[PDB]
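Structure record follows, encoded as structure tokens.
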Amino acid sequence: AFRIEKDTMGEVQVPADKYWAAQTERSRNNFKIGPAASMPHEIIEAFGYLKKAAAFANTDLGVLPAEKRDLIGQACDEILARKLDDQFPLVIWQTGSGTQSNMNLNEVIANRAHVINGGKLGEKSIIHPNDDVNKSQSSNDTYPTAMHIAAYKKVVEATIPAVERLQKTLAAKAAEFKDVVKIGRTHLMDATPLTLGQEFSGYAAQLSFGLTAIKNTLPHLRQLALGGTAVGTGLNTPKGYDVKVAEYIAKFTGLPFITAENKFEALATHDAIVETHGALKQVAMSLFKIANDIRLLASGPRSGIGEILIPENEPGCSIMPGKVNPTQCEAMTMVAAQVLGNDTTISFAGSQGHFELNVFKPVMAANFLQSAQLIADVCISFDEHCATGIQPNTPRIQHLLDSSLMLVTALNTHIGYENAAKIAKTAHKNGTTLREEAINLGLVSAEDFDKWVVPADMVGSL
Amino acid sequence: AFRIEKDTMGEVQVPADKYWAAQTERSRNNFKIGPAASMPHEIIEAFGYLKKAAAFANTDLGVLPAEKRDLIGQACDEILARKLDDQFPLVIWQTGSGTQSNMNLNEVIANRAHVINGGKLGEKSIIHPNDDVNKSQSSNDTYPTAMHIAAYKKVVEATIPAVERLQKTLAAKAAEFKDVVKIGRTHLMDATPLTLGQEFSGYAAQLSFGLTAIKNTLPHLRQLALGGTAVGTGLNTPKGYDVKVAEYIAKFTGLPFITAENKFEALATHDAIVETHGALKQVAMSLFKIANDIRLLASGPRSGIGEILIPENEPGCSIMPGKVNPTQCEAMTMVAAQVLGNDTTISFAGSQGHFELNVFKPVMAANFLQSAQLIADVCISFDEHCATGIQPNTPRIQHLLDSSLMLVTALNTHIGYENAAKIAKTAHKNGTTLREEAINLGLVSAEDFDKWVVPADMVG
Amino acid sequence: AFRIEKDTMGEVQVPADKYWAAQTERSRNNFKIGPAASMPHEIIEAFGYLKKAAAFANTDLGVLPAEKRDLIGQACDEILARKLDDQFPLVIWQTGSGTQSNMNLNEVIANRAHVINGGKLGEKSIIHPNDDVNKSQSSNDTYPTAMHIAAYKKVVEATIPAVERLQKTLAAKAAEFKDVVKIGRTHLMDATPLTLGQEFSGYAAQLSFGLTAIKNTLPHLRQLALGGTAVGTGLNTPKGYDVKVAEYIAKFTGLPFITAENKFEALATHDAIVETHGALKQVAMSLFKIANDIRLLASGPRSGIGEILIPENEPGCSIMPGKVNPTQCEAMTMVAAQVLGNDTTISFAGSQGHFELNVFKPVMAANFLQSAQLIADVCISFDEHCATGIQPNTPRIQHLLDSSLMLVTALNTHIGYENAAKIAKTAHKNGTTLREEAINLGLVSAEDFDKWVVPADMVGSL
Amino acid sequence: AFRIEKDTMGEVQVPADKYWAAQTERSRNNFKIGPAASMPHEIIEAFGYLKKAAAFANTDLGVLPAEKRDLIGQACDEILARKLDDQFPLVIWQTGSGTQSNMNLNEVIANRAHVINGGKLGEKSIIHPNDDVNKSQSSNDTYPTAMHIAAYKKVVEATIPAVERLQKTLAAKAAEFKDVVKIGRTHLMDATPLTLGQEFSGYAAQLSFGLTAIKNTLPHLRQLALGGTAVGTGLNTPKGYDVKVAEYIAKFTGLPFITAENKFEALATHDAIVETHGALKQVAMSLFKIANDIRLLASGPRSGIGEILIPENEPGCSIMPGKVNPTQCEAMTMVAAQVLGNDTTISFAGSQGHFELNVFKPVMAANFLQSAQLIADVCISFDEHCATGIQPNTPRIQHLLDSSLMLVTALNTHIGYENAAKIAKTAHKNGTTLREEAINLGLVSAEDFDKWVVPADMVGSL
């Protein structure tokens, strides 16, 4: 059962129960692309915040009756309270401006406002979608404003806290293991010693530089397009609208949003989305290396490296009974792979602005929100289910430490490089110890070898 | 309300009405990454087919009783018939083998078989998840089989016919517009004439080459890992299982699946996924250009090219009243940018196999199906709501054709490049016509100009 | 010292001894971007062939006098014999059509033909760069023609032989190692057995599939734009020129070139470059894996896996004396990482056609030829200096084989998954053997265990 | 001709007159991959600065005699004055550590030092390449140090100044065209007016945001690995060496380099190269969009947009006489396509560290330096030959603007969206002005229309 709704193109049958109208219904039917309602909820939420703000600003500046503000406000509160989730059926793969999702908001607010005020759904709303709910706005400044609200919110409320969480565990493990001496590997080959603490201090430092790099991008990301309207000029905005609607968004979200310095840059590009996503990819490449190291170190438990123990959360294998695998490592490496591809998509799209508008907005927003959410989720999963539980396998570490022929490196400043190399080659060829061959070649006394080749004194300077 | 299921790690509380067991539930709780149940339904379907196939093969080779085959068979039928979708809650971002989704089928199939046979959830299944439903199988060979079944089925039944549909529209437009003489543009600058039909024949040709590139990758994609089990060796497989189970998958799917030539290549790599997705990315880069040319050609009405007219499907703009946008073009360019990204992800994951197993299966699987589906969807949408409706802007085409100073190129073989170059530069600097300056420079008679410079004669 | 050359835009000081003229000199001065003369020689060599074929076709079809054909052929023969390599100073980062490089061929051929014929540099050439050397031609068809010649030549003469050679070594090793039983690793954890032969047969299969995938893309790539001229219409070409010039190029190169089926596709895209480079990229990603497995398999010699011994070609380390690294594996992984980003560049540029011409020709050409050359060079280097010399570390393989608790998988069909899991978990927890704990649990007798748990019998069907 | 040099692996025939030794010759022969001597000159230069710094630090802390420092500094001073370019024959695609290039420096410094001291090639060098030139160093800390010196130097001396120079032209253009009203385009369709100045202000803003994003990465980039040695522990360094060698590098370069906070991160990753290249790729995608806009705006000159005039630097076309193309825009869009690809390679290699060492150092070095150099060179080129000469085509701007039906947007706040859409659709169907139809539909008076619809007032707020 459908009712008739109208736009400036003609009449459309709209499902009789739904708060949306003609332009929403056209979009729902004209873009059967991927799964239904794929436009991210975070973008709808951000729309709820900015549409409330536009109404509060427009009232303060004298161009919208308080009555209309109050009704738009209450409708926006209901969107924000996840009361109207089923009134947003549009996909990412629509018009590249997000005009159709902007009109999905305008139409649902107008009709929901009509019913709140005691009207019948289907009757001309007391609130006009374009003239009232969209007053002083474009899809061109609202959709970018929704993008930066959702993006900033997800980065500062989910992603950075989740990455800080893992960073703190890695630094905690660096201190916890500060006295466990293990063998270095370079090129996958036996190297000189370092503590398991030092190894983990690398991982902790990678995420600290990652957090800094993301934080460096937030000033650009907090700038909002709202007030540039169609082409950036602020056509049909009241004087002072730009600064005042930003203040309202800042106050509703509790986050430090300002009006964009340049509305042309803010419509014609998503450079801020590229800058922040670049930082998300940097952390993601770091996380890949960290998770890869942890699975290498935990490999075995008999025929691999086996230097660390990790929590055993589930049966690893349907055919190999008793197998346990590093599954959180794998989930982390898979997300990191996802973020690299998302970075290609965002980078490509970010180049493809024409004149006064970039019309890759939905695809940039969906890819950015996915990276930001998945990095958050997997950092929490990995910390809870792997990183907090990492412990050293003491005897395996000792066996692999005492084994390295490259312990010989401690004799470099005593007998020089060429003589140290003779010892290592000779031990290697003969299947003997460094100590045996240092003595046999008469290059070092038993005494001096035992004084000089001490792993625990090789993990700092002279 | 929960009930106790057991795995070889101990007891787990399971939602008492759900057909899954200990291992599904651990995964559901341990992998809270992205939206719930993100594992593609195409993979769950692929699993329905191969789990049925496994059971039928195992009974044929003497290692599974018929009674147990029929119960597994029935449960798989219900999975294919979309009766058990709520029984599959696991995410892409699980173990990189897909072990947890393989154990999701094994556990669901076993418990549902018990109930089909007259049992109750909460009792020991007459069918063992591992010894019976997972007989002669590993996560390592079933999950890549699922991947190829799903990938091959999406490409031949959805992606190719959608691309074929748009290709024939573009060829039909190339013939319909064969007599429409328009100006060519190179470097975005005015050039020599071609027909609109000729321009459209380039787009038609692009998707025909793209259709061949995709078809070339099908022989590798049609090959299935099933029979390699743990490491590629076929450990715990009966002799002849590899070929027999491929035949049942072929039969059940109606599609030409064969056993993989090398089960070690089939487990350690997803080079078939990289091969076929490179071809989807080729088609996507073509589609981007076509979609971009079409919105360039339709740009205006005043401030652009405006050489074609496109269907006007919806109001373009919440603030600019009456504006109409090439919105199907923009959906097609946004899909193409997604697929390029999906190619970076798949290529990177494809490189990261270790020893006997590539454990990036689900992210490669998810990114593949997304590219295949969205290319399918956007080609149908674009054909329906744009390509089928394109028509020339007849007066606009003639105005822009007759205005090109690079019509002077017709004079090359008569007066040489240098003399031709003087006519076009004098016309441009004086804001006059080629003809007026050919006469004022004394390089061409009026009568020779009119004979030699005929746009219709410059299109071959 | 300079001389004056002229183009349609005015007078230019040209280095007095060089055979290029005004347009080549303008491009050399106006595009100071990266190293001088970066335009690949393979593109100049392709231009040498197609310029000769164009002169020959033009005379056969009555529009170029034989005398001018002969002088052009001789200048073109000098370019192909590498006698004029210093006459091409233009960069990749010029006009997106490669117009400047086409005019570099036209100017050099014209001025060289003039001197061959007895004239001097500084005089007006008896052969006009545009009217004669460029007759029946555009940059828009010559440059893509140069790209396909250079690419197809490089793929069939260098890339495919290189990969075939390494494929054959890997097939040989598969046969040589067919009876060497080693432990499989899944998720990096101890799995069930396979032969070192089986593992290597995987590597051999990956490169056969990759060769098939490159070869599938050749039919598209052997199609030449030559004949489309300015926009694809073949304006200013005599009837039959497209087929005739393709035949001369087939003959001069000895490679199966044909005229493009659609000259609009041949000018407005380089989808054939995108098609073939995606196959090169497929191969690069397979090579990454093979190279990474081999260094993983060689790791140690005590702290790693160390199942294979590889050729030791040089000292590994300036500070760690006697260290030897898998350096060929590293070159292969680094090239694979280069090819993936080359594919990002080619795809992006692939999408960015406008109307009748794609003007990213040089960046596509350079990235393609680099990938094809590097893949060939590293497969040859890796075959000679690593793959040919790989041998098993037999005793290390035996140790790592016998220590795997997942040998218990052989018991699945005898006692079940749950009973087999009990044995492996008990062995793990106790630091004991499968065999001990199989007897200890009354699950399996000595005799049956010794019968059923045979690694040599776990590398095939039941 | 040859002489014998020796390494810990044996005797090598070295070209008699070359200052390199056994390890450089091995590498030269063992890695025949891509053109000869591909390792960037900037990496060798960086090595020059750091080897001299190491020698001075080593003397100050009493572990190298002043006499040996003086010789190392003299050989280092010959590398830095570009006198020994022919002594560095090694390729990018070597060992993934850059070991062979580290030993190339050590060998050439040793032997050139020996000859400077009055010795002869073929003699044992007075200075040992491992014990003296490489004292208190690994390849694992010197190669990353070379990379950061090279990367930091290139970005702040070439890339930032080039980008700043172009930004300043786009800002001067924004101010020069502040009063020129032109038609907006959104989705490539007629939109509302903005000034040509406001449009250029977007371009200027993009480069300003890009410059800030690049500078935010400099703090991480100026950290040097030097002092970490083999695995990061500073094994075989004297106390204070890390800090003191950083001061010498800062002194000799004149740039504020500091010792890395975490030497394990400085060896096991190139996260700082990922961080800075991300910012470079941001600026490239911005430059792509700017260059594409300028070529769209300049297109025609009679059957495109044609709103702006760009300088005419060369004949555009070999067949179409008098054609002139936007060739500098093309060079910039191709470089941008190159940098995006470079970002993929760098991101991939950045993820692929194992344990204590990332062994993709050369490929990350080469791709970084290419991006930084090409972005500098094309920004200077585009500025000099394109952007400084951009002028309005005033009559053509007015022609395309006065036309626009979306000037109707000025009526929204007076009559509402639905009435404004009637006017626009009726003018469109009838091919009449907005004014005629506004009056004729009885929706707006002549007086009110002329008052409310003023293009010049549509470039700002109500």
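Residues are named by chain letter and number: chains run A, B, ... in the order of the structure tokens, numbers start at 1 in each chain, and ligands are numbered from 1 in the order shown.
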Quick check: residues of chain C within 6 Å of chain D, only C-alpha atoms, returned as a short mmCIF file (atom, residue, chain, number, x, y, z; two decimals) with N, CA and C atoms, in the first residue's frame.
data_model
loop_
_atom_site.label_atom_id
_atom_site.label_comp_id
_atom_site.auth_asym_id
_atom_site.auth_seq_id
_atom_site.Cartn_x
_atom_site.Cartn_y
_atom_site.Cartn_z
N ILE C 33 61.79 17.92 -15.17
CA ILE C 33 61.06 17.05 -14.22
C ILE C 33 61.75 15.69 -14.20
N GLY C 34 62.46 15.41 -13.10
CA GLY C 34 63.19 14.14 -12.89
C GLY C 34 64.45 14.08 -13.73
N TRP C 93 57.83 12.92 -18.24
CA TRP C 93 56.86 13.93 -17.70
C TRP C 93 56.77 15.14 -18.64
N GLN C 94 56.37 14.86 -19.88
CA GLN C 94 56.13 15.84 -20.97
C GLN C 94 54.61 15.87 -21.18
N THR C 95 54.13 16.38 -22.32
CA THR C 95 52.69 16.31 -22.74
C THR C 95 52.20 14.86 -22.61
N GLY C 96 50.93 14.64 -22.25
CA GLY C 96 50.42 13.30 -21.90
C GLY C 96 50.22 12.43 -23.13
N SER C 138 49.74 10.56 -36.54
CA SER C 138 49.61 11.48 -35.39
C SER C 138 50.50 10.98 -34.25
N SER C 318 77.85 -6.06 7.87
CA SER C 318 79.06 -5.22 8.10
C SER C 318 79.50 -5.28 9.57
N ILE C 319 78.62 -5.68 10.48
CA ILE C 319 78.92 -5.74 11.94
C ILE C 319 78.84 -7.18 12.45
N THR C 327 69.62 -12.78 0.22
CA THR C 327 69.65 -11.44 -0.44
C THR C 327 68.86 -11.46 -1.76
N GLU C 330 65.17 -11.17 -1.04
CA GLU C 330 64.93 -9.75 -0.69
C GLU C 330 64.74 -8.93 -1.97
N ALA C 331 65.62 -9.07 -2.96
CA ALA C 331 65.49 -8.35 -4.24
C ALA C 331 64.13 -8.70 -4.88
N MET C 334 61.25 -7.05 -2.98
CA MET C 334 61.30 -5.59 -3.21
C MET C 334 60.74 -5.27 -4.60
N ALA C 337 56.88 -5.58 -4.57
CA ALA C 337 56.31 -4.37 -3.95
C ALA C 337 56.34 -3.22 -4.96
N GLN C 338 57.38 -3.11 -5.80
CA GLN C 338 57.44 -2.08 -6.88
C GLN C 338 56.33 -2.32 -7.91
N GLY C 341 52.57 -1.16 -6.83
CA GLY C 341 52.35 0.30 -6.96
C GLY C 341 52.36 0.77 -8.41
N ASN C 342 53.16 0.13 -9.26
CA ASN C 342 53.13 0.36 -10.73
C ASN C 342 51.72 0.05 -11.25
N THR C 344 48.90 0.21 -9.33
CA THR C 344 48.09 1.34 -8.82
C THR C 344 48.19 2.48 -9.83
N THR C 345 49.39 2.87 -10.25
CA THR C 345 49.61 4.01 -11.19
C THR C 345 48.94 3.73 -12.55
N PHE C 360 47.85 10.12 -20.52
CA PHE C 360 48.73 9.57 -19.46
C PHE C 360 49.68 8.56 -20.11
N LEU C 374 62.01 -5.52 -14.63
CA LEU C 374 62.35 -5.92 -13.24
C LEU C 374 61.93 -7.37 -12.98
N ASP C 377 64.51 -9.56 -14.93
CA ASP C 377 65.84 -9.39 -14.30
C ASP C 377 65.87 -10.17 -12.98
N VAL C 378 64.85 -10.08 -12.14
CA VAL C 378 64.91 -10.69 -10.78
C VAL C 378 64.65 -12.20 -10.88
#
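The two identical-sequence chains, chain A and chain D, differ by a C-alpha RMSD of 0.3 Å after optimal least-squares superposition.
Reported to one decimal place, the separation of atom CA of residue 200 of chain A from atom CA of residue 174 of chain A is 4.9 Å.
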Report task. May I ask you to extract the residues of chain B within 9 Å of chain D, using only C-alpha atoms, and to give them as a VMD selection string? Result -> chain B and resid 183 185 to 192 295 to 296 298 to 305 318 to 327 330 344 348 399 to 401 403 to 409 412 417 to 425 428
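Residue neighbourhood of residue 181 of chain B, excluding near-sequence residues (fewer than 2 positions): residues 177, 178, 179, 183, 193, 194, 195, 196, 197, 397, 398, 401, 455, 456 and 459 of chain B, at 9 Å, using only C-alpha atoms.
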Residues from last step as file, N, CA and C atoms, as a PDB file, in the first residue's frame:
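This went into result11.pdb:
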ATOM      1  N   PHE B 177      23.800   6.188 -34.032  1.00  0.00           N
ATOM      2  CA  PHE B 177      24.425   7.533 -34.103  1.00  0.00           C
ATOM      3  C   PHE B 177      25.464   7.586 -35.221  1.00  0.00           C
ATOM      4  N   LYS B 178      25.471   6.588 -36.119  1.00  0.00           N
ATOM      5  CA  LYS B 178      26.553   6.392 -37.122  1.00  0.00           C
ATOM      6  C   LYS B 178      26.661   7.597 -38.073  1.00  0.00           C
ATOM      7  N   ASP B 179      25.612   8.401 -38.247  1.00  0.00           N
ATOM      8  CA  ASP B 179      25.579   9.516 -39.236  1.00  0.00           C
ATOM      9  C   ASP B 179      25.671  10.863 -38.511  1.00  0.00           C
ATOM     10  N   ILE B 183      32.476  17.093 -33.161  1.00  0.00           N
ATOM     11  CA  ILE B 183      33.925  17.418 -33.009  1.00  0.00           C
ATOM     12  C   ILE B 183      34.589  16.449 -32.026  1.00  0.00           C
ATOM     13  N   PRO B 193      36.800  15.993 -36.752  1.00  0.00           N
ATOM     14  CA  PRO B 193      35.520  15.327 -36.545  1.00  0.00           C
ATOM     15  C   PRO B 193      35.645  13.800 -36.425  1.00  0.00           C
ATOM     16  N   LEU B 194      34.702  13.230 -35.686  1.00  0.00           N
ATOM     17  CA  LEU B 194      34.335  11.793 -35.724  1.00  0.00           C
ATOM     18  C   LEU B 194      32.825  11.741 -35.545  1.00  0.00           C
ATOM     19  N   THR B 195      32.203  10.606 -35.840  1.00  0.00           N
ATOM     20  CA  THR B 195      30.746  10.467 -35.608  1.00  0.00           C
ATOM     21  C   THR B 195      30.566  10.164 -34.119  1.00  0.00           C
ATOM     22  N   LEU B 196      29.477  10.623 -33.529  1.00  0.00           N
ATOM     23  CA  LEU B 196      29.008  10.167 -32.201  1.00  0.00           C
ATOM     24  C   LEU B 196      28.982   8.637 -32.169  1.00  0.00           C
ATOM     25  N   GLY B 197      28.612   7.999 -33.286  1.00  0.00           N
ATOM     26  CA  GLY B 197      28.537   6.542 -33.409  1.00  0.00           C
ATOM     27  C   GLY B 197      29.901   5.940 -33.191  1.00  0.00           C
ATOM     28  N   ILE B 397      25.631  19.878 -31.372  1.00  0.00           N
ATOM     29  CA  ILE B 397      26.676  19.095 -32.088  1.00  0.00           C
ATOM     30  C   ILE B 397      27.161  19.892 -33.314  1.00  0.00           C
ATOM     31  N   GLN B 398      26.273  20.346 -34.207  1.00  0.00           N
ATOM     32  CA  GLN B 398      26.668  21.076 -35.455  1.00  0.00           C
ATOM     33  C   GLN B 398      27.416  22.364 -35.107  1.00  0.00           C
ATOM     34  N   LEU B 401      30.942  21.434 -33.868  1.00  0.00           N
ATOM     35  CA  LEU B 401      31.681  20.869 -35.023  1.00  0.00           C
ATOM     36  C   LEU B 401      32.216  22.010 -35.886  1.00  0.00           C
ATOM     37  N   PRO B 455      33.580  18.831 -43.165  1.00  0.00           N
ATOM     38  CA  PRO B 455      33.599  17.987 -41.970  1.00  0.00           C
ATOM     39  C   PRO B 455      33.129  16.551 -42.208  1.00  0.00           C
ATOM     40  N   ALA B 456      32.084  16.351 -42.991  1.00  0.00           N
ATOM     41  CA  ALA B 456      31.486  15.013 -43.201  1.00  0.00           C
ATOM     42  C   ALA B 456      32.523  14.084 -43.837  1.00  0.00           C
ATOM     43  N   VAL B 459      35.797  11.763 -41.445  1.00  0.00           N
ATOM     44  CA  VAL B 459      35.421  10.696 -40.463  1.00  0.00           C
ATOM     45  C   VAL B 459      35.678   9.300 -41.056  1.00  0.00           C
TER      46      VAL B 459
END
Query raised in the report: When you draw a straight line from atom CA of residue 196 of chain A to atom CA of residue 310 of chain A, how long is it in Å?
Result: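 Computing the Euclidean distance for atom CA of residue 196 of chain A and atom CA of residue 310 of chain A yields 14.2 Å.
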**Report entry** 9 Å contact set for residue 82 of chain C, only C-alpha atoms, chain neighbours under 4 positions out, as a ChimeraX atom specification
**Finding:** /C:45,77-78
Strand (DSSP E or B) call set, DSSP backbone run, segment 219-317 of chain B, as a CSV table (one decimal) with C-alpha atoms, in the first residue's frame:
chain,number,residue,atom,x,y,z
B,223,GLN,CA,39.4,-25.2,-10.2
B,224,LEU,CA,38.5,-26.2,-6.6
B,258,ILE,CA,36.8,-29.3,-11.8
B,259,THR,CA,39.3,-30.5,-9.1
B,300,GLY,CA,25.6,22.1,-19.3
B,308,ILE,CA,24.2,14.4,-25.7
B,309,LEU,CA,20.9,14.3,-23.8
Query raised in the report: So which residues touch residue 114 of chain B within 12 Å, counting only C-alpha atoms, skipping near sequence neighbours fewer than 3 positions away, as a list in words?
Result: residues 19, 67, 68, 70, 71, 72, 74, 75, 107, 108, 109, 110, 111, 117, 118, 119, 120, 121, 122, 123, 124, 125, 126, 127, 128 and 129 of chain B
Query raised in the report: How many Å separate atom CA of residue 167 of chain A from atom CA of residue 350 of chain B?
Result: 28.7 Å
Query raised in the report: Which residues come within 9 Å of residue 311 of chain B, counting only C-alpha atoms, excluding same-chain residues fewer than 2 positions away, as a list in words?
Result: residues 309, 313, 326, 385, 386, 387, 388, 389 and 390 of chain B
Restrict the selected residues to N, CA and C atoms and save them as a tab-separated table (two decimals), in the first residue's frame.
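Printed below is selection.tsv as written:
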chain	number	residue	atom	x	y	z
B	309	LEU	N	22.01	14.24	-24.81
B	309	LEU	CA	20.94	14.33	-23.78
B	309	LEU	C	20.81	12.96	-23.10
B	313	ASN	N	16.15	11.50	-14.27
B	313	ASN	CA	15.42	10.50	-13.44
B	313	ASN	C	14.92	11.12	-12.13
B	326	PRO	N	23.86	14.09	-13.77
B	326	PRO	CA	24.12	12.76	-14.32
B	326	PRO	C	24.40	11.77	-13.18
B	385	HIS	N	18.79	3.28	-16.72
B	385	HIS	CA	18.42	4.66	-16.33
B	385	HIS	C	19.32	5.68	-17.03
B	386	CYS	N	20.15	5.27	-17.98
B	386	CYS	CA	21.04	6.24	-18.67
B	386	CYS	C	21.34	5.79	-20.09
B	387	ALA	N	22.14	4.73	-20.28
B	387	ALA	CA	22.73	4.41	-21.60
B	387	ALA	C	21.61	4.19	-22.61
B	388	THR	N	20.54	3.48	-22.25
B	388	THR	CA	19.43	3.16	-23.20
B	388	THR	C	18.76	4.44	-23.70
B	389	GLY	N	18.84	5.54	-22.95
B	389	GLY	CA	18.07	6.77	-23.23
B	389	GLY	C	18.89	7.86	-23.89
B	390	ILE	N	20.17	7.63	-24.15
B	390	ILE	CA	21.04	8.72	-24.68
B	390	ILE	C	20.55	9.08	-26.09
**Report entry** Test item: residues at most 10 Å from segment 49-62 of chain D, only C-alpha atoms, excluding those fewer than 6 positions along its chain, as a count of residues only
**Finding:** 46
